[PDB]
Structures are given as C-alpha cells and as structure tokens.
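Presented below, as structure tokens, is a lone chain in the form deposited in one PDB entry.
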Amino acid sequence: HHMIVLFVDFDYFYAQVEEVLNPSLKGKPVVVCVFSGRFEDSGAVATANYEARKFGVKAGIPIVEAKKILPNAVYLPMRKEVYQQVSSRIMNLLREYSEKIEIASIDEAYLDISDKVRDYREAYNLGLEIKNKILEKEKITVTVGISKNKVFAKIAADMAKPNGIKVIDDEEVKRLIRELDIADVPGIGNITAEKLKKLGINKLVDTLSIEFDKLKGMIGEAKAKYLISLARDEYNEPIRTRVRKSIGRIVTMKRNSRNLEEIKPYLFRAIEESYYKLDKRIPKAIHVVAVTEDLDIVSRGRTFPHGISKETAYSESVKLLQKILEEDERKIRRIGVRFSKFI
C-alpha cells in the first residue's frame, strides 16, 4: 500500500566499541576524545556512553569541561579506523535483510523491507531478529525505527534510544505532523529552526498556512518542499545506495599561524593521509580548507580537466593556501584538504 522503512542506529557507538574491546569498562563512564594537541587536554568529546551523558558529558563539549564534571571517568583517544571496521561488519549483516539498504553514516542505515514483511507486526519482529543478531554477533546494542518513510523511521529511533525499537504507524504519523516540534525534524538545525519561528512555524503542520514562496524565500526551496512534503504526509524518498563523494583530512596546528612554512607541514600531512585513504580513487578536484582563529572556515579549490597526482596536489594546495592567506587576514588555526570529483 506504501513503503515500510526500518532504520538502524547503533547506541553511543564509538564508546560502546571501546567497551566491547575492553568489557572491564562497562558500567563506568567512558569518554572518547579528540585530542587537538594544543595543550594537555585541548580538544572535544567525540561521544560518551550514557553513564557519562547523564552528567552532561557528551559529543561536542571540550575535554577540559568534561573532566571538570567527571574527573574520574575513563578518557580514551578516538580510534576511527577501528569503529569503521566494526561498522562495516554490522552493515554486512543488515545487508542480509534487504537489497535496498542505505548506509547513511558510520553507524546508521535504512532498510526497505517493503517486500520482506506485511504490516508492522512482522516489521516489528524483523526488528528484534536484527537487534538480537547484531547483539549476538558483535555484542553491540542498537535502536530500531520503523515507519512509512526514512524521516519517520529516523524519528522513531530518536524516540526509542537507547537499546530500543519503535514503530510509528500511519495513524500516529498524522499526530506527529501536528505535535512534533519542527525543530526535531531531521535536517532542521538551529539556523532553520529560528527562521521558522520568526515565520510562526513551530510544528510541521504550520508549513501549510504559509505562502509557499515565502517559505522558499526564507529557508530555500529544497528545504521548503521537504517540509511541505512531510507536512502533506507525502514524503517518499526511496532507500538508496550512496557512495563516498569526498575524502579529506584536516588538522589542528599547535599554534595559529600565517607563516606559510609553519603551515605547510600540517597541510602536507593532511594530503598524505588523504591520498592513502583515497585508495584506488583519482580525484579531479582539490580544496584547501582552513579554520581561522575565530573558528571560522575559509576554503579555496580548483577542478582539473584530469585526475590529480600527489605531486600536483602538493603544488596546487600550496597555491590555494597562499590565496587564503592573501584574501583573508585572520590567523589560521586548522588546516586541511578535501578531494572530490572522483574519476
């Protein structure tokens, strides 16, 4: 009659993996950190388990502030490659439940189980079978969301987290479209949430009382059509494979700088790691990205009529870096590169 989407989101992923790899951590507050090297505990928290998030320690806060709060918790350096491989294996399993699987991030995917189930009961049961299987195979708990479309599947999981499973039937979808704060709609951050308030829109439904063109004028057409769809209970994007369209590395310097020679080593380090990661991929475009001292972001790039060799990336990146320092007077704090337009 319509689509049946099942969304899967692993719980406090990075930290749970640290637990799996060292179960003696369970029960204790675990904090996976991103150490910037600027000083002792400079950096931010990538994520934390619930035992630590109930005290305010979470993704985003400085490491120093988290220690102010939980001086005795366990602080571990982020090990991105490890969580990715654990993630891949879990994605492979889900893959065994549908052909139409959309891997949205390192720890979440949507499955189109439209022709694997009939009605939500079976759907609900396919959920447990999945949770139970990932738990057994990898000992990772995950939350499951099930609804008529990706957006509501996602919302379903946010509401059941953690270690939960939830269904939002078409009847209930019609309540959310009236009761759900527009801000909690995926893809609607602070900037959009506030533009929406100023226009009197606090709930999805409200997007129906406003003139379309005004919406578009205030938050863009893409975002306007998006909200109106969900609002008209007509949203139906299909689950679909998504391949990486960009690869890059950005690093924080020990000190902010404008001296080309102090910045080069970091930039070159970024290019190295990036190329290593490109694997058998050849980019036609390169961008140099810089985070200025006032945590602002400037970038300069160029697209070549052919692929980019490492030597070409080294040379071109230095020129783009020079463009930045020239057109922007602020000191540079973070420097990096991003490659795209793969051949």
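Numbers follow the displayed sequence, beginning with 1. The term rigid core refers to the maximal set of C-alpha atoms that superpose within 1.5 Å between the two forms.
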Stretch with the greater mean C-alpha B-factor as recorded in the entry, comparing 145-153 against 234-242: 234-242
Between the two ranges 52-60 and 275-283, the one averaging a larger CA B factor in the entry: 275-283
Criterion, highest CA B-factor; candidates, 88, 192, 202, 252: 202
Residue with maximal Cα B-factor (values as given in the PDB entry) among 107, 172, 158, 262: 172
For residue 295, the third of its chain into which the C-alpha B factor falls: highest
Third of chain Cα B-factors occupied by residue 127: highest
Chain thirds of CA B-factor: placement of residue 4: highest
B-factor third for the C-alpha atom of residue 74 within its chain: lowest
Residue 216 CA temperature factor, ranked by third within the chain: highest
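The form deposited in another entry exists for this protein as well; it is not shown, and the discussion that follows is about that form.
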Moved residue between the shown form and the other one - picked from 208, 135, 104, 93, where its Cα shifts 2 angstroms or more relative to the rigid core: 208
